[PDB]
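Trainee: Questions regarding the structure given below will be posed in turn.
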Amino acid sequence: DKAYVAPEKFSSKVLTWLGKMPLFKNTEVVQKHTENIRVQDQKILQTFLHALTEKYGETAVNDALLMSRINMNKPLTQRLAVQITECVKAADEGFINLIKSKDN
Amino acid sequence: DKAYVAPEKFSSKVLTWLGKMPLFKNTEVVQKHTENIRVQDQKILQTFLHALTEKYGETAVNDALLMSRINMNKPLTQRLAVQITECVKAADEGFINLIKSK
Amino acid sequence: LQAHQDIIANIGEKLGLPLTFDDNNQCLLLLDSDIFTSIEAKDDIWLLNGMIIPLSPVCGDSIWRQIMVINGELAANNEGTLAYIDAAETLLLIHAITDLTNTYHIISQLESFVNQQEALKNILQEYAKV
Amino acid sequence: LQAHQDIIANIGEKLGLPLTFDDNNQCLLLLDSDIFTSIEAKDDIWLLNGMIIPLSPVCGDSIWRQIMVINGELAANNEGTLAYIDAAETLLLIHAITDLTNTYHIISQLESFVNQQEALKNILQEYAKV
Amino acid sequence: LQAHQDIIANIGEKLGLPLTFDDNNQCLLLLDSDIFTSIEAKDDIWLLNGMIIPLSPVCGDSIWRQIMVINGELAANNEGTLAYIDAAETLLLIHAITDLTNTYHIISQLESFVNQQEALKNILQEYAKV
Amino acid sequence: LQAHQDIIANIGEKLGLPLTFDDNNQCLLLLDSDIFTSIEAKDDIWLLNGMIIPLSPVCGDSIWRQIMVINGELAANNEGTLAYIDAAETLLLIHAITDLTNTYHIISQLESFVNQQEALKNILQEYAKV
């Protein structure tokens, strides 16, 4: 189907469905289709499509895996936890400054 | 009434009891006695006596009443209490700086 | 995906256009004349992708820092994230929609997203890559 | 507010400590002796903040870019946003919890946030101010 | 030190908190979120420290003399000593507890110290640094 | 007052003098030729009073601060308090003895006090007003 333009505005702006995009894998096939779409700035649309394509694939998928390796899914229930909300008041009142200075 | 010097030293120093002092209220009586006793630094010695007398003078008594007026003898068992343990670390680590800035 | 397609179709009727997801799980949109947006189906959530500006990977400290400071304001209001897509040398606004049980809610999320897109483009256009 | 207090109190129970929000709707935490995390009640949502590293405002293109690229990865799975607090010259992770209807589900989201924060600190530690 | 730990633990039970002396032989407390009071086990005694106000090292004769005149009052009833900590530019109340044989008597002494500290802060608040 | 008189009579036996408190509840003493001290009976305790130096009420920040810093060291060791007596323009050292059950303890406290007095006079004599 072709790109369709909605009759009523959206957020005070004309709204247009650019139609289905061919599988991102076929870079040239995508470029072909894109050129046949009337837009104020062809290059911008092209770049946006490249960006959507790059979001996944190899480099991204790999950094995701490495992240998965480094990320030690430790249980929160077993971590040591201390509520330190009052430390801000301690600093503002000059309590922390007193404790630290007495160390020297 | 008179000063007695101890025969043996105390803390390696000659110890002397200056004797009983007249009632502090009678300022001139005290002054007169301070002169009649065998003491070298006669001037350092009433000054000290003046100081001891003033510790319980009018001003002092009144400031104590005011303090007791300002002092809210609140029950310690009812105050909110928290034990501080990681506050210096949080400051050194820059966490407090972060929260205060956000 | 059938569920996603039904939801996106319902939104299309409300907006007046045959919206649907393509083979890339994307639905490309154009607002006014220069605002490119995409609705993406991803497992249990939908991601809204928004073209901001093509940007130099070496734009300099001042520009990167400004964008990162802006990320603070956006995240505080859960409006989305400004991210850099490396090879494409593109700055994108990305925001996930976790609640897909309501058509009204989704549309509300979308309209706030495009307005945010517009505001950011106006702030960062001067840095756009010639 | 009372509902927020009741929610974090329930969380505290599962974690073994009496948690509460202060006058500024915040709860600060130190986990494992080196992870600093904050929870902030804001309207219908909770904002999570996790300090990553103190960072020079002029750290250079390479570091800013690596961080902004990571933002894309985080946004894909709605894990949060890396932002810069200029006045503090600090990099932090920010994430909103929008579903506050189930205690253990909130615990699950808090857990993933803290683990993401820990993972990011490990990755970017070398860039921390000297 | 173990004996000191047992004593302060007894006090904690009375006050409803698990109190203990840290690595520096100190127990740091925040009372009513505005009063900083510390307890230090030192040989046979416990040293209490209570911050009054941050004070300029050149606050002038009037303020210095007033504080020193108050020392005469405190010393008369053995309530403590007002001292200046140079490196911290802070006015501090200090008092030693020499009788640690009775838990509730210790509590009584701690209560009097805190009340004295609170009273001095009210009287000298105007002289605090910016 | 009799109990107090019996205790000081005992101390007197140990020192070699027929000591007793006067109508002012004071016992004036002179050590060497320039150390003036007094033992004062006050309710349940005894107060040791030591003349340090006659001092100007407008001696200046530098001198007052030095004295207030010394108060921190004195209080840390429970050796006494340096206090200013206004009208008399005098700096005194004051220290309470709260345990009067033992003659040996009282004597030890007195010897530490007079020695502390001498040390302070050596440090502060240069500030004494002629």
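Labeling convention for the structure tokens: chains A, B, ... as they appear, residues from 1 per chain, ligands from 1 in order of appearance.
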Select residues of chain C: the criterion is any atom within 12 Å of an atom of chain B, counting only C-alpha atoms; output as a PyMOL selection string.

Mentor: chain C and resi 69+72-73+76

Trainee: Stretch 54-99 of chain B near stretch 100-110 of chain E within 12 Å: what's each residue's closest atom pair and its distance in Å to one decimal, counting only C-alpha atoms, ordered by chain then ascending residue number, as JSON lines?

Mentor:
{"residue": "B:73", "atom": "CA", "partner": "E:108", "partner_atom": "CA", "distance": 11.0}
{"residue": "B:74", "atom": "CA", "partner": "E:108", "partner_atom": "CA", "distance": 11.4}
{"residue": "B:75", "atom": "CA", "partner": "E:108", "partner_atom": "CA", "distance": 9.3}
{"residue": "B:76", "atom": "CA", "partner": "E:110", "partner_atom": "CA", "distance": 7.8}
{"residue": "B:77", "atom": "CA", "partner": "E:107", "partner_atom": "CA", "distance": 8.7}

Trainee: Any chance you could lay chain D over chain C, fitting all C-alpha atoms in order by least squares, and write the moved chain as a CSV table (one decimal) with N, CA and C atoms, in the first residue's frame?

Mentor:
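Written output follows (part_10.csv):
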chain,number,residue,atom,x,y,z
D,1,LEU,N,1.8,-10.6,18.2
D,1,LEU,CA,1.9,-9.8,16.9
D,1,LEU,C,0.6,-9.4,16.4
D,2,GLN,N,-0.4,-10.4,16.4
D,2,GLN,CA,-1.7,-10.1,15.9
D,2,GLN,C,-2.3,-9.0,16.9
D,3,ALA,N,-2.0,-9.1,18.1
D,3,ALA,CA,-2.5,-8.2,19.1
D,3,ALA,C,-1.9,-6.8,18.9
D,4,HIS,N,-0.6,-6.8,18.5
D,4,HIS,CA,0.1,-5.5,18.2
D,4,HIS,C,-0.5,-4.9,17.0
D,5,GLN,N,-0.8,-5.7,16.0
D,5,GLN,CA,-1.4,-5.2,14.8
D,5,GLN,C,-2.8,-4.6,15.1
D,6,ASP,N,-3.6,-5.3,15.9
D,6,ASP,CA,-4.9,-4.8,16.3
D,6,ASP,C,-4.8,-3.5,17.0
D,7,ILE,N,-3.8,-3.4,17.9
D,7,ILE,CA,-3.6,-2.1,18.6
D,7,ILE,C,-3.3,-0.9,17.7
D,8,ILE,N,-2.3,-1.1,16.9
D,8,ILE,CA,-1.9,0.0,16.0
D,8,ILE,C,-3.0,0.3,15.0
D,9,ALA,N,-3.8,-0.7,14.7
D,9,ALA,CA,-4.9,-0.4,13.7
D,9,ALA,C,-5.9,0.5,14.4
D,10,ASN,N,-6.2,0.3,15.7
D,10,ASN,CA,-7.1,1.1,16.5
D,10,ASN,C,-6.5,2.5,16.5
D,11,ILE,N,-5.2,2.7,16.7
D,11,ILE,CA,-4.6,4.0,16.8
D,11,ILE,C,-4.8,4.7,15.5
D,12,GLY,N,-4.6,3.9,14.4
D,12,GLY,CA,-4.7,4.5,13.0
D,12,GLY,C,-6.1,5.0,12.8
D,13,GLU,N,-7.1,4.3,13.3
D,13,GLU,CA,-8.5,4.8,13.2
D,13,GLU,C,-8.7,6.2,13.8
D,14,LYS,N,-8.2,6.4,15.0
D,14,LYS,CA,-8.3,7.7,15.7
D,14,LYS,C,-7.6,8.8,15.0
D,15,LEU,N,-6.5,8.4,14.3
D,15,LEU,CA,-5.7,9.4,13.6
D,15,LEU,C,-6.1,9.6,12.1
D,16,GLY,N,-6.9,8.7,11.6
D,16,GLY,CA,-7.4,8.9,10.2
D,16,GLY,C,-6.5,8.2,9.2
D,17,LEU,N,-5.7,7.2,9.5
D,17,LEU,CA,-4.9,6.5,8.5
D,17,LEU,C,-4.7,5.0,8.9
D,18,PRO,N,-4.7,4.1,7.9
D,18,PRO,CA,-4.5,2.7,8.2
D,18,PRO,C,-3.1,2.3,8.6
D,19,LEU,N,-2.8,2.4,9.9
D,19,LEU,CA,-1.5,2.1,10.3
D,19,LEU,C,-1.3,0.6,10.5
D,20,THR,N,-0.1,0.1,10.3
D,20,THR,CA,0.3,-1.3,10.4
D,20,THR,C,1.8,-1.5,10.7
D,21,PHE,N,2.2,-2.6,11.3
D,21,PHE,CA,3.6,-2.9,11.5
D,21,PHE,C,4.0,-3.8,10.3
D,22,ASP,N,5.3,-3.6,9.9
D,22,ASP,CA,5.8,-4.4,8.8
D,22,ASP,C,6.4,-5.7,9.3
D,23,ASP,N,7.0,-6.4,8.4
D,23,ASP,CA,7.6,-7.7,8.7
D,23,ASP,C,8.7,-7.5,9.8
D,24,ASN,N,9.2,-6.3,10.0
D,24,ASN,CA,10.2,-6.0,11.1
D,24,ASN,C,9.6,-5.4,12.3
D,25,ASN,N,8.2,-5.6,12.5
D,25,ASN,CA,7.5,-5.0,13.6
D,25,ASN,C,7.7,-3.5,13.7
D,26,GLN,N,7.8,-2.8,12.6
D,26,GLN,CA,8.0,-1.4,12.6
D,26,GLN,C,7.0,-0.6,11.8
D,27,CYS,N,6.7,0.6,12.2
D,27,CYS,CA,5.8,1.5,11.5
D,27,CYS,C,6.5,2.9,11.5
D,28,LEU,N,6.9,3.4,10.3
D,28,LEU,CA,7.5,4.6,10.1
D,28,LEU,C,6.6,5.7,9.7
D,29,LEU,N,6.8,6.9,10.3
D,29,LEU,CA,5.9,8.1,10.1
D,29,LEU,C,6.6,9.4,9.8
D,30,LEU,N,6.0,10.2,9.0
D,30,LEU,CA,6.5,11.6,8.8
D,30,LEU,C,5.3,12.4,9.3
D,31,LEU,N,5.5,13.3,10.2
D,31,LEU,CA,4.5,14.2,10.8
D,31,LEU,C,4.8,15.6,10.4
D,32,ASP,N,3.8,16.4,10.0
D,32,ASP,CA,4.0,17.8,9.6
D,32,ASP,C,5.1,18.0,8.6
D,33,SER,N,5.7,16.9,8.1
D,33,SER,CA,6.4,17.2,6.8
D,33,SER,C,7.9,17.3,7.3
D,34,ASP,N,8.2,17.2,8.5
D,34,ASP,CA,9.6,17.3,9.0
D,34,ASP,C,9.9,16.5,10.2
D,35,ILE,N,9.0,15.9,10.9
D,35,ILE,CA,9.2,15.1,12.1
D,35,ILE,C,9.2,13.6,11.7
D,36,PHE,N,10.3,12.9,11.8
D,36,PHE,CA,10.4,11.5,11.5
D,36,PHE,C,10.3,10.7,12.7
D,37,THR,N,9.3,9.8,12.8
D,37,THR,CA,9.0,9.0,14.0
D,37,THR,C,8.8,7.5,13.7
D,38,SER,N,9.3,6.7,14.5
D,38,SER,CA,9.2,5.2,14.4
D,38,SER,C,8.5,4.6,15.6
D,39,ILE,N,7.7,3.6,15.3
D,39,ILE,CA,7.1,2.8,16.4
D,39,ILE,C,7.5,1.4,16.2
D,40,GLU,N,8.0,0.7,17.2
D,40,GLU,CA,8.4,-0.7,17.1
D,40,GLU,C,7.8,-1.6,18.1
D,41,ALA,N,7.1,-2.6,17.7
D,41,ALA,CA,6.5,-3.6,18.6
D,41,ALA,C,7.6,-4.5,19.1
D,42,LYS,N,7.8,-4.6,20.4
D,42,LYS,CA,8.9,-5.4,21.0
D,42,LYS,C,8.3,-6.1,22.2
D,43,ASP,N,8.0,-7.4,22.1
D,43,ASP,CA,7.5,-8.2,23.1
D,43,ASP,C,6.2,-7.6,23.7
D,44,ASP,N,6.0,-7.7,25.0
D,44,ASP,CA,5.1,-6.6,25.6
D,44,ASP,C,5.1,-5.1,25.7
D,45,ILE,N,6.0,-4.4,24.9
D,45,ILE,CA,6.1,-3.0,24.9
D,45,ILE,C,6.2,-2.4,23.5
D,46,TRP,N,6.1,-1.1,23.3
D,46,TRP,CA,6.3,-0.4,22.1
D,46,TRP,C,7.5,0.5,22.3
D,47,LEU,N,8.4,0.5,21.3
D,47,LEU,CA,9.6,1.4,21.4
D,47,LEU,C,9.4,2.5,20.4
D,48,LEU,N,9.4,3.8,20.9
D,48,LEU,CA,9.3,4.9,20.0
D,48,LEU,C,10.7,5.5,19.8
D,49,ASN,N,11.0,5.9,18.5
D,49,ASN,CA,12.2,6.5,18.1
D,49,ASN,C,11.9,7.7,17.3
D,50,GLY,N,12.6,8.8,17.7
D,50,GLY,CA,12.4,10.1,17.0
D,50,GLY,C,13.7,10.7,16.6
D,51,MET,N,14.0,10.8,15.3
D,51,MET,CA,15.2,11.4,14.8
D,51,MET,C,15.2,12.9,15.3
D,52,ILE,N,16.4,13.3,15.8
D,52,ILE,CA,16.5,14.7,16.2
D,52,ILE,C,17.4,15.5,15.2
D,53,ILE,N,18.7,15.1,15.1
D,53,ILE,CA,19.6,15.8,14.1
D,53,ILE,C,20.8,14.9,13.8
D,54,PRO,N,21.3,15.1,12.6
D,54,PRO,CA,22.5,14.3,12.2
D,54,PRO,C,23.5,15.0,13.0
D,55,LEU,N,24.4,14.3,13.7
D,55,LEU,CA,25.4,15.0,14.5
D,55,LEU,C,26.8,14.4,14.4
D,56,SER,N,27.8,15.3,14.2
D,56,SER,CA,29.2,15.0,14.1
D,56,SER,C,29.6,14.2,15.4
D,57,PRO,N,30.3,13.1,15.2
D,57,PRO,CA,30.8,12.3,16.3
D,57,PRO,C,31.9,13.0,17.1
D,58,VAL,N,32.4,14.2,16.6
D,58,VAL,CA,33.4,15.0,17.3
D,58,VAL,C,32.8,16.4,17.4
D,59,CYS,N,31.6,16.5,17.8
D,59,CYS,CA,30.9,17.8,18.0
D,59,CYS,C,31.5,18.6,19.2
D,60,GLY,N,32.3,18.0,20.0
D,60,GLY,CA,32.9,18.7,21.1
D,60,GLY,C,32.2,18.6,22.5
D,61,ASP,N,32.9,18.8,23.6
D,61,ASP,CA,32.4,18.6,24.9
D,61,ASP,C,31.2,19.4,25.2
D,62,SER,N,31.2,20.7,24.8
D,62,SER,CA,30.0,21.6,25.1
D,62,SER,C,28.7,21.0,24.6
D,63,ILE,N,28.7,20.5,23.4
D,63,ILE,CA,27.4,19.9,22.8
D,63,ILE,C,27.1,18.6,23.5
D,64,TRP,N,28.0,17.7,23.6
D,64,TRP,CA,27.8,16.4,24.2
D,64,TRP,C,27.3,16.6,25.6
D,65,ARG,N,27.9,17.5,26.4
D,65,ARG,CA,27.5,17.8,27.8
D,65,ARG,C,26.1,18.4,27.8
D,66,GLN,N,25.7,19.3,27.0
D,66,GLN,CA,24.4,19.9,27.0
D,66,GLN,C,23.4,18.8,26.8
D,67,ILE,N,23.6,17.9,25.9
D,67,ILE,CA,22.7,16.8,25.6
D,67,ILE,C,22.6,15.9,26.8
D,68,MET,N,23.7,15.5,27.4
D,68,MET,CA,23.7,14.6,28.5
D,68,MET,C,23.0,15.2,29.7
D,69,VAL,N,23.1,16.5,29.8
D,69,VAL,CA,22.4,17.2,31.0
D,69,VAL,C,20.9,17.1,30.7
D,70,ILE,N,20.5,17.3,29.4
D,70,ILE,CA,19.1,17.3,29.1
D,70,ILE,C,18.6,15.8,29.4
D,71,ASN,N,19.4,14.8,29.2
D,71,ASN,CA,19.0,13.5,29.5
D,71,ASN,C,18.5,13.4,31.0
D,72,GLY,N,19.1,14.2,31.9
D,72,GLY,CA,18.7,14.1,33.3
D,72,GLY,C,17.3,14.7,33.4
D,73,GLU,N,17.0,15.8,32.7
D,73,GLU,CA,15.7,16.4,32.7
D,73,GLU,C,14.6,15.5,32.1
D,74,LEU,N,14.9,14.8,31.0
D,74,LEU,CA,14.0,13.9,30.4
D,74,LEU,C,13.7,12.7,31.3
D,75,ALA,N,14.8,12.2,32.0
D,75,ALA,CA,14.6,11.0,32.8
D,75,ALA,C,13.7,11.3,34.1
D,76,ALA,N,13.8,12.5,34.6
D,76,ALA,CA,13.0,12.9,35.7
D,76,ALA,C,11.5,12.7,35.5
D,77,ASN,N,11.0,12.9,34.3
D,77,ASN,CA,9.6,12.7,34.0
D,77,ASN,C,9.4,11.6,33.0
D,78,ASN,N,10.3,10.7,32.9
D,78,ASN,CA,10.3,9.5,32.0
D,78,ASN,C,9.8,9.9,30.6
D,79,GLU,N,10.4,10.9,30.0
D,79,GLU,CA,10.0,11.3,28.7
D,79,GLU,C,10.8,10.6,27.6
D,80,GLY,N,11.9,10.0,28.0
D,80,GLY,CA,12.7,9.3,27.0
D,80,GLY,C,14.2,9.5,27.2
D,81,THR,N,15.0,9.0,26.3
D,81,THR,CA,16.4,9.0,26.4
D,81,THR,C,17.0,9.5,25.1
D,82,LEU,N,18.0,10.4,25.1
D,82,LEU,CA,18.7,10.9,23.9
D,82,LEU,C,19.8,10.0,23.8
D,83,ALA,N,20.0,9.4,22.6
D,83,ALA,CA,21.0,8.5,22.3
D,83,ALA,C,21.7,8.8,20.9
D,84,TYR,N,22.9,8.2,20.7
D,84,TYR,CA,23.7,8.4,19.5
D,84,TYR,C,23.8,7.1,18.8
D,85,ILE,N,23.5,7.1,17.5
D,85,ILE,CA,23.6,5.9,16.6
D,85,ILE,C,24.9,6.2,15.8
D,86,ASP,N,26.0,5.5,16.2
D,86,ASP,CA,27.3,5.8,15.6
D,86,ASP,C,27.4,5.5,14.1
D,87,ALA,N,26.8,4.4,13.7
D,87,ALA,CA,26.9,4.1,12.2
D,87,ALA,C,26.1,5.1,11.4
D,88,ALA,N,25.2,5.8,12.0
D,88,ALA,CA,24.4,6.8,11.3
D,88,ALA,C,24.8,8.2,11.6
D,89,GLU,N,25.6,8.4,12.6
D,89,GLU,CA,26.1,9.7,13.1
D,89,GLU,C,24.8,10.6,13.3
D,90,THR,N,23.9,10.0,14.0
D,90,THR,CA,22.6,10.7,14.3
D,90,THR,C,22.2,10.6,15.7
D,91,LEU,N,21.6,11.7,16.2
D,91,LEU,CA,21.0,11.8,17.5
D,91,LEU,C,19.5,11.5,17.5
D,92,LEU,N,19.1,10.6,18.3
D,92,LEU,CA,17.6,10.3,18.3
D,92,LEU,C,17.1,10.2,19.7
D,93,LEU,N,15.8,10.4,19.9
D,93,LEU,CA,15.1,10.3,21.1
D,93,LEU,C,14.4,8.9,21.1
D,94,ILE,N,14.5,8.2,22.3
D,94,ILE,CA,14.0,6.9,22.4
D,94,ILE,C,13.1,6.8,23.7
D,95,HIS,N,12.0,6.1,23.6
D,95,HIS,CA,11.1,6.0,24.7
D,95,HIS,C,10.2,4.8,24.7
D,96,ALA,N,10.0,4.1,25.8
D,96,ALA,CA,9.2,2.9,25.8
D,96,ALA,C,7.8,3.1,26.3
D,97,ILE,N,6.8,2.6,25.6
D,97,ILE,CA,5.4,2.6,26.1
D,97,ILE,C,5.2,1.2,26.7
D,98,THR,N,4.9,1.1,28.0
D,98,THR,CA,4.7,-0.1,28.6
D,98,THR,C,3.3,-0.5,28.9
D,99,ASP,N,2.4,0.5,28.9
D,99,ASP,CA,1.0,0.3,29.1
D,99,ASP,C,0.2,0.4,27.8
D,100,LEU,N,-0.1,-0.8,27.2
D,100,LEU,CA,-0.8,-0.8,25.9
D,100,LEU,C,-2.2,-1.3,26.0
D,101,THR,N,-2.8,-1.0,27.2
D,101,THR,CA,-4.2,-1.4,27.5
D,101,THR,C,-5.3,-0.5,27.1
D,102,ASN,N,-4.9,0.8,26.8
D,102,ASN,CA,-6.0,1.8,26.5
D,102,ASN,C,-5.6,2.6,25.2
D,103,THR,N,-6.3,2.5,24.2
D,103,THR,CA,-6.1,3.2,22.9
D,103,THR,C,-5.8,4.7,23.1
D,104,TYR,N,-6.7,5.5,23.7
D,104,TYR,CA,-6.5,6.9,23.8
D,104,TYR,C,-5.3,7.3,24.7
D,105,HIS,N,-5.0,6.4,25.6
D,105,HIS,CA,-3.9,6.6,26.5
D,105,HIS,C,-2.6,6.5,25.7
D,106,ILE,N,-2.6,5.5,24.8
D,106,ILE,CA,-1.4,5.4,23.9
D,106,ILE,C,-1.2,6.6,23.0
D,107,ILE,N,-2.4,7.1,22.6
D,107,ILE,CA,-2.3,8.3,21.7
D,107,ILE,C,-1.7,9.4,22.5
D,108,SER,N,-2.1,9.5,23.8
D,108,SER,CA,-1.6,10.6,24.7
D,108,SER,C,-0.1,10.5,24.8
D,109,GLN,N,0.4,9.3,25.0
D,109,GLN,CA,1.9,9.0,25.1
D,109,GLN,C,2.6,9.3,23.8
D,110,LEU,N,1.9,9.0,22.6
D,110,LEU,CA,2.6,9.2,21.3
D,110,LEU,C,2.6,10.8,21.1
D,111,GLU,N,1.6,11.5,21.5
D,111,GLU,CA,1.5,12.9,21.4
D,111,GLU,C,2.7,13.6,22.2
D,112,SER,N,2.8,13.2,23.4
D,112,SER,CA,3.9,13.8,24.3
D,112,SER,C,5.3,13.6,23.7
D,113,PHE,N,5.4,12.4,23.1
D,113,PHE,CA,6.7,12.0,22.5
D,113,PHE,C,7.0,12.9,21.3
D,114,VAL,N,6.1,13.0,20.4
D,114,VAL,CA,6.3,13.8,19.2
D,114,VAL,C,6.5,15.3,19.6
D,115,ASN,N,5.8,15.8,20.6
D,115,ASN,CA,6.0,17.2,21.0
D,115,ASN,C,7.4,17.3,21.7
D,116,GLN,N,7.9,16.3,22.4
D,116,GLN,CA,9.2,16.4,23.0
D,116,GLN,C,10.2,16.4,21.9
D,117,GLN,N,10.0,15.5,21.0
D,117,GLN,CA,10.9,15.4,19.8
D,117,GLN,C,11.0,16.7,19.1
D,118,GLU,N,9.9,17.4,18.9
D,118,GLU,CA,9.9,18.6,18.2
D,118,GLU,C,10.6,19.7,19.0
D,119,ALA,N,10.4,19.7,20.3
D,119,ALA,CA,11.0,20.7,21.2
D,119,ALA,C,12.5,20.5,21.2
D,120,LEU,N,13.0,19.3,21.2
D,120,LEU,CA,14.4,19.0,21.2
D,120,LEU,C,15.1,19.4,19.9
D,121,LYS,N,14.4,19.1,18.8
D,121,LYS,CA,14.9,19.5,17.5
D,121,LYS,C,15.1,21.0,17.4
D,122,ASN,N,14.2,21.7,18.0
D,122,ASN,CA,14.3,23.2,18.0
D,122,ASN,C,15.4,23.7,18.8
D,123,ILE,N,15.7,23.0,19.9
D,123,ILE,CA,16.8,23.4,20.8
D,123,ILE,C,18.2,23.1,20.3
D,124,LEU,N,18.3,21.9,19.6
D,124,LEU,CA,19.6,21.4,19.1
D,124,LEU,C,19.8,21.6,17.6
D,125,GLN,N,18.9,22.2,16.9
D,125,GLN,CA,19.0,22.4,15.5
D,125,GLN,C,20.3,23.0,15.1
D,126,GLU,N,20.8,24.0,15.8
D,126,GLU,CA,22.0,24.7,15.5
D,126,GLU,C,23.3,23.8,15.5
D,127,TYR,N,23.2,22.6,16.1
D,127,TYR,CA,24.3,21.7,16.1
D,127,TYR,C,24.3,20.7,15.0
D,128,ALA,N,23.2,20.7,14.2
D,128,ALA,CA,23.1,19.8,13.1
D,128,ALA,C,24.2,19.9,12.1
D,129,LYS,N,24.7,18.8,11.6
D,129,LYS,CA,25.8,18.8,10.6
D,129,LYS,C,25.5,19.7,9.5
D,130,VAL,N,26.5,20.4,9.0
D,130,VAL,CA,26.5,21.3,7.9
D,130,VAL,C,26.8,20.6,6.6

Trainee: From the DSSP assignment of the backbone, select every residue of chain F that is strand (DSSP E or B), and format the answer as a VMD selection string.

Mentor: chain F and resid 26 to 31 35 to 42 45 to 54 81 to 85 90 to 97

Trainee: Need the shell around stretch 31-33 of chain A: protein/DNA/RNA residues with any atom at most 9 Å away, counting only C-alpha atoms. Skip same-chain ones fewer than 4 positions apart. Format as a list in words?

Mentor: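 Residues near the query, excluding close chain neighbours: residues 21, 22, 26, 27, 37 and 46 of chain A.
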
Trainee: Using 9 Å as the limit and counting only C-alpha atoms, can you tabulate each residue of chain A that touches chain D, with its shortest atom-to-atom distance in Å and the two atoms involved, as JSON lines?

Mentor:
{"residue": "A:55", "atom": "CA", "partner": "D:72", "partner_atom": "CA", "distance": 7.5}
{"residue": "A:60", "atom": "CA", "partner": "D:73", "partner_atom": "CA", "distance": 7.3}
{"residue": "A:63", "atom": "CA", "partner": "D:73", "partner_atom": "CA", "distance": 8.4}
{"residue": "A:64", "atom": "CA", "partner": "D:73", "partner_atom": "CA", "distance": 7.2}
{"residue": "A:67", "atom": "CA", "partner": "D:119", "partner_atom": "CA", "distance": 7.3}
{"residue": "A:68", "atom": "CA", "partner": "D:119", "partner_atom": "CA", "distance": 8.9}
{"residue": "A:70", "atom": "CA", "partner": "D:119", "partner_atom": "CA", "distance": 6.0}
{"residue": "A:71", "atom": "CA", "partner": "D:119", "partner_atom": "CA", "distance": 4.9}
{"residue": "A:72", "atom": "CA", "partner": "D:115", "partner_atom": "CA", "distance": 6.7}
{"residue": "A:73", "atom": "CA", "partner": "D:115", "partner_atom": "CA", "distance": 5.9}
{"residue": "A:74", "atom": "CA", "partner": "D:115", "partner_atom": "CA", "distance": 6.8}
{"residue": "A:75", "atom": "CA", "partner": "D:111", "partner_atom": "CA", "distance": 6.8}
{"residue": "A:76", "atom": "CA", "partner": "D:111", "partner_atom": "CA", "distance": 5.2}
{"residue": "A:77", "atom": "CA", "partner": "D:15", "partner_atom": "CA", "distance": 5.7}
{"residue": "A:78", "atom": "CA", "partner": "D:15", "partner_atom": "CA", "distance": 8.4}
{"residue": "A:79", "atom": "CA", "partner": "D:32", "partner_atom": "CA", "distance": 5.7}
{"residue": "A:80", "atom": "CA", "partner": "D:32", "partner_atom": "CA", "distance": 4.7}
{"residue": "A:81", "atom": "CA", "partner": "D:31", "partner_atom": "CA", "distance": 4.6}
{"residue": "A:82", "atom": "CA", "partner": "D:30", "partner_atom": "CA", "distance": 5.3}
{"residue": "A:83", "atom": "CA", "partner": "D:29", "partner_atom": "CA", "distance": 4.7}
{"residue": "A:84", "atom": "CA", "partner": "D:28", "partner_atom": "CA", "distance": 5.4}
{"residue": "A:85", "atom": "CA", "partner": "D:28", "partner_atom": "CA", "distance": 4.5}
{"residue": "A:86", "atom": "CA", "partner": "D:28", "partner_atom": "CA", "distance": 8.3}
{"residue": "A:87", "atom": "CA", "partner": "D:28", "partner_atom": "CA", "distance": 8.8}

Trainee: Quick one: pick out all alpha helix (DSSP H) residues within stretch 27-114 of chain E from a backbone DSSP run and write them as a PyMOL selection string.

Mentor: chain E and resi 61-76+103-114

Trainee: Report, in Å to a single decimal, how far apart atom CA of residue B:46 and atom CA of residue B:34 are.

Mentor: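 Between these atoms lies a distance of 6.7 Å.
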
Trainee: Got a sec: who's within 10 Å of residue B:37, counting only C-alpha atoms, leaving out chain neighbours fewer than 5 positions off, as a PyMOL selection string?

Mentor: chain B and resi 1-3+18-19+32+42

Trainee: Output the selection as a compact mmCIF listing (two decimals), in the first residue's frame - N, CA, C and O atoms for each residue.

Mentor:
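Output saved as result-v1.txt:
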# COMPACT_ATOMS: atom_id res chain seq x y z
N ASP B 1 41.98 32.78 109.61
CA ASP B 1 42.48 33.91 110.43
C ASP B 1 43.97 34.14 110.22
O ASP B 1 44.46 35.26 110.35
N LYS B 2 44.69 33.07 109.90
CA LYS B 2 46.13 33.15 109.66
C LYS B 2 46.57 32.04 108.71
O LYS B 2 45.89 31.03 108.57
N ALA B 3 47.72 32.24 108.07
CA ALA B 3 48.26 31.27 107.11
C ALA B 3 49.23 30.27 107.73
O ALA B 3 50.13 30.65 108.49
N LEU B 18 46.02 29.29 103.43
CA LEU B 18 45.87 30.71 103.75
C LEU B 18 44.90 30.99 104.90
O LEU B 18 44.73 32.14 105.31
N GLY B 19 44.29 29.93 105.42
CA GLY B 19 43.35 30.08 106.52
C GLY B 19 41.95 30.44 106.06
O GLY B 19 41.71 30.65 104.87
N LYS B 32 40.78 43.98 103.79
CA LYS B 32 41.62 44.28 104.94
C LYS B 32 42.38 43.05 105.44
O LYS B 32 43.55 43.15 105.81
N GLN B 42 50.08 39.81 97.04
CA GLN B 42 48.87 40.29 97.68
C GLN B 42 47.83 40.76 96.66
O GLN B 42 46.63 40.72 96.91
